[PDB]
């Protein structure tokens, strides 16, 4: 098992439903054409995942104000936290590419947003760390995550158009997901 990973077992039901989902997917231009390529993207990404996270944490860990979010109260990086989160992140990359975007998925998007927000942050791994990830970086992270991703989508031998649609499906998925994760951060009624 992957510790802390509780997909389909949140227990706890999302405040947004499947109609909300249809409507947000439309805002983000996500169609059945995108579900083909997001999963195609899975195949291309599966065995590259370790190297992706190395480029990811290499970006986080090269900025103090972002590494911050992984630190012990003494301002040193919690190595256990980093490594515990790394694994669920790994699994998310795959989930995005493999789960059906349904009630359970939605329930876990609620979960994940709660884990970034002060509501649930740090309870999953029983670490002591910063209480809240300020929402501004969640939005901002949309850029580096998407953009780091692009080379990795090519590397496994794919024709610019194959890569551009995989990329775009990934861009939309990320945006969509983040948008959903904003729920706990937003003043009630403004979501």
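Residue numbers count along the first chain shown, from 1.
Student: Please compare 160-168 with 66-74 and say which has the higher mean C-alpha temperature factor in the record.
Tutor: The entry gives the higher C-alpha B-factor average to 160-168.
Student: Test of understanding: from the entry's C-alpha B-factors, which stretch has the higher mean, 138-146 or 36-44?
Tutor: Mean B over CA atoms: larger for 36-44.
Student: By the recorded C-alpha temperature factor, relative to the other modelled residues in its chain, which third is residue 173 in?
Tutor: Lowest third of the chain for residue 173's C-alpha B-factor.
Student: Which third of the chain holds residue 27 when residues are ordered by C-alpha B factor: lowest, middle or highest?
Tutor: Lowest third.
Student: Quick check for you: using the entry's CA B-factors within this chain, is residue 180 in the lowest, middle or highest third?
Tutor: Tercile = lowest for this residue's CA B-factor.
Student: Where does the C-alpha B-factor of residue 14 rank in its chain, lowest, middle or highest third?
Tutor: Highest third, going by the recorded CA B-factors of the chain.
Student: Looking at the temperature factor on the CA atom of residue 133, which third of the chain's modelled residues does it land in?
Tutor: Answer is lowest: the recorded C-alpha B-factor places it there.
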